[PDB]
């Protein structure tokens, strides 16, 4: 049984929980592009943290992360796309409008940094969870944003855009390598990857719930 299938089976229940959480907040976010962009800003920081940790592992020549260099550095990365969208919607004072980071966000940032220092291979479980969802379900958020905010075809959804390598190719290439590499790892590390996959959902849900949504 491939690692991807073991992880996706284990995360089925929390994925459904996340799904409800996100959909329940979409209508609220789409009511105001500023609200939407502030919410994007949370995950701007998530992806800054994850991608900085990965870049650090690649620079150190981590045996495991380096094996993934081509699939990681070929269009999967999201932080520049998120930053483009946040600057687009919020303008000159975007950084102030993002407010203060929730404890939930700071905790995930700290966790990712710690993984980068002590066990960089476990970052790949968070890539599996975070980056591949952007390439997937993220396309639905993108379509709604463009419809409701009446966006030009080349502005406003850079967080969800894949203008070089296709989202489909990036996702399948990472999956294939993740499964091949994962199967060659000790059972303890495979279990840790499962745990970190679940943790990414947990962190994301915490960050989503901590976001201050106006009653209006």
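Positions refer to the first chain, counted from 1.
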**Request:** Identify the stretch, either 67-75 or 82-90, whose C-alpha atoms have the larger mean B-factor according to the entry.
**Result:** 67-75
**Item:** Of 55-63 and 30-38, the one with larger mean CA B-factor
**Value:** 55-63
**Request:** Could you say which of 140, 124, 105, 132 has its CA atom at the highest B factor, as listed in the PDB entry?
**Result:** 140
**Request:** Within this chain's modelled residues, let me know which third the CA B factor of residue 165 belongs to: lowest, middle or highest.
**Result:** middle
**Prompt:** Which third of the chain holds residue 203 when residues are ordered by C-alpha B factor: lowest, middle or highest?
**Reply:** lowest
**Fill in**
In terms of its chain's C-alpha B-factors, the third that includes residue 146 is the middle
**Prompt:** Considering only modelled residues of the same chain, in which third does the CA B-factor of residue 194 rank: lowest, middle or highest?
**Reply:** middle
**Prompt:** If you rank the chain by CA B-factor, which third does residue 45 end up in: lowest, middle or highest?
**Reply:** lowest
